[PDB]
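This report concerns only the one structure given below.
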Amino acid sequence: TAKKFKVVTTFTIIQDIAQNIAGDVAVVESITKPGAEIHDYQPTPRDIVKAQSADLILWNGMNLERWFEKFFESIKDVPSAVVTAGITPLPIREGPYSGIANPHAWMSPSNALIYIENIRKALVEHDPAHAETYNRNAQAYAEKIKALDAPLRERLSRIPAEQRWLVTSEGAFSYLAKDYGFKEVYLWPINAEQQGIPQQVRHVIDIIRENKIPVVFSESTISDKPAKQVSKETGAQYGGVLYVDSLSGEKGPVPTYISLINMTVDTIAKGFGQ
Ligand SMILES: [Zn+2]
């Protein structure tokens, strides 16, 4: 066991999934730090250093990292793999990014199984000496992710179908909303320039009042102020922050992808009174 294979990912969700497949034979690090906004991140010379010292770079694609392709042109002789191949996208519904793929595919546990398979294939391709370890680790982790779906689905099924309205800040939850049958309301369709402008707030306030939606949420990498404004003006409670674009730190309450899905579903369910 000389030097461990080095994997660099664009953001923290992929870091944790890949580290579970890598186990003990590779070290996986994320370019972005926990809590950092990932869509419009501005890479630094230090990020270039980290990616250039890697043996493999993983990214989401599907229009998530607006910075990645320009950044990756600075990197020489390091293979890359997009980890969303074979996932059917949901289009963004409005705004300047309307009609392109919504990038947040990992919020569906069923899609996470495809993430796992793509990361496994990339590790086996570029570090074939450890293929048996990657294959064994991916099979074990896929078992855990597959078993995750049923209790989450049952928990959210307790909310009456007509009341399944998921009101968030970024429209980052479209794939979870599809899996578990939620209608989707948001202050902006994808992180970008305008987040919480008028027009956006007014529309969301209208749907909340018409449908008596009981709760609204923010997310961990963006400002909670628009969501709290919406809850102040309506009958909805502020349900707290959901985790989608980033894990917490390792010593925080959302250290893993499994903990992210669990925490987000639990926070939604609590917002609806379980
Ligand atoms: Zn996002």
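Here the Cβ is made from the backbone with ideal geometry for all residues, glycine too, and neighbour counts use every protein chain on show. Basis: the model, the stated rules and, where named, an outside source; none is laboratory data.
Quick look at the numbers
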quantity	calculated
Criterion violated by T88 - all others in (1) crowded, with 19+ Cβ neighbours inside 10 Å; (2) within 16 Å of the chain's Cα centre (by Cα) satisfied	(1)
Checking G271 against (1) among the small types (G, A, S); (2) surrounded by 14 or more Cβ atoms within 10 Å (Cβ to Cβ); (3) more than 20 Å from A161 (Cβ to Cβ), the condition it does not meet	(3)
Subset tally (residues that are under 26 Å from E193 (Cβ atoms) and part of a helix (DSSP H, G or I)) for region 49-80	5
Counted residues, region 16-44 - those being on the phi > 0 side of the Ramachandran plot and within 16 Å of the ligand (Cβ to nearest atom)	1
Verdict on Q42 being assigned by CATH to the domain that holds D127 and either part of a strand (DSSP E or B) or closer than 19 Å to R120 by Cβ (or both)	no
Condition check for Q163: out of contact with any helix residue (DSSP H, G or I) (no Cβ under 7 Å at 6 or more places or on another chain), within 16 Å of the ligand (Cβ to nearest atom) and not assigned by CATH to the domain that holds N63	no
Selection count, region 194-225, where residues are within 14 Å of the ligand (Cβ to nearest atom) and loosely packed, with under 14 Cβ neighbours inside 10 Å	1
Verdict on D245 being in contact (Cβ under 8 Å) with a residue 40 or more places away in the chain, among the charged types (D, E, K, R) and more than 16 Å from the ligand (Cβ to nearest atom)	no
Single match in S218, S231 (criterion: in contact (Cβ under 8 Å) with a residue 12 or more places away in the chain and not in a strand (DSSP E or B))	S231
